[PDB]
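First, one chain by itself in structure tokens, the form deposited in one PDB entry.
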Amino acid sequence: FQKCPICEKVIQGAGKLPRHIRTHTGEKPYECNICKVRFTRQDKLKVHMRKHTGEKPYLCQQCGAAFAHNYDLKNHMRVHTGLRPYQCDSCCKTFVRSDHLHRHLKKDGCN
């Protein structure tokens, strides 16, 4: 547990404090060597490296389809069985993604 001096906000993880402080500044030190695109976080750069490399480490356990990104894999999982897994309690409406539920819970104003 560490507290950010700039924002007085608790951040979990001893080594994660430099990452949060970088979010206040807008610096993007990590730069891809191929497309010369800068990213704020290293793990974001590695995902961009997957796009350049074309590797798909996420393989479906039901049909064997290979996808490059985790959310792409989860989208394929919803095609198999998980289509529309979110519901609105107030109005009884189904949704595909969790952000759409947040959009509905704010824009629709059922409550």
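Residue numbers here begin at 1 and follow the sequence given.
Another form exists, deposited in another entry; not displayed. Remarks below refer to it.
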Given a two-part rigid split of the chain between the shown form and the other one, flag whether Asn33 and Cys63 are grouped together. no
Look at the CA atoms of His69 and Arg19: state whether they lie closer or farther apart in the other entry than in this form, given a difference of 3 Å or more. farther
CA-CA separation of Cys32 and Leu59, closer or farther in the other entry than in the form shown [shift of 3 angstroms or more]: closer
